[PDB]
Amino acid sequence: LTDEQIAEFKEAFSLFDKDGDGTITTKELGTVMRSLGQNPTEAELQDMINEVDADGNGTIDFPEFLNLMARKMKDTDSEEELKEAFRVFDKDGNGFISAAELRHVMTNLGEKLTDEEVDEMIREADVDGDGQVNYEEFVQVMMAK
């Protein structure tokens, strides 16, 4: 890994760390998951944090988050991870991410995105010309640089 990737993950981290205190609490993780359409319980949230809570302080700090994201998985594992991520963006589950779905998820997470911005994103990613983003098209954007 390198600086650019670290800075990128730090921004990803900020989507969870709503108060900017440098740690992700179960409440913050819950807020993000609920914005994605999930409904995790307190127990489930504590278990998730416990998976990477090396210092036992009950929260995920950036070093812990970075370690989680830097971990290299097998191709098979990576493929299933990407598919799971795709399903989160593909709100209606029709196998395609629309501009409406993409903007909604991104905005709910904490990202600022205009219609023209999302239009451009979909356009660039749309390889087959159907106006939407399917799984493999999604993989290309995720792996791009």
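Numbers for residues come from their place in the sequence shown, where the first is 1.
- Two stretches are in play, 51-59 and 73-81, and the higher mean C-alpha B-factor belongs to 73-81.
- Stretches compared: 105-113, 84-92. Higher mean C-alpha B-factor in the entry: 105-113.
- Per the deposited record, the Cα B-factor of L15 falls in the lowest third when ranked against the other modelled residues of its chain.
- In the PDB entry, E42 places in the middle third of its chain by CA B-factor.
- Ranked by Cα temperature factor within the chain, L66 sits in the middle third according to the deposited record.
- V127: CA B factor lies in the middle third for its chain, per the PDB record.
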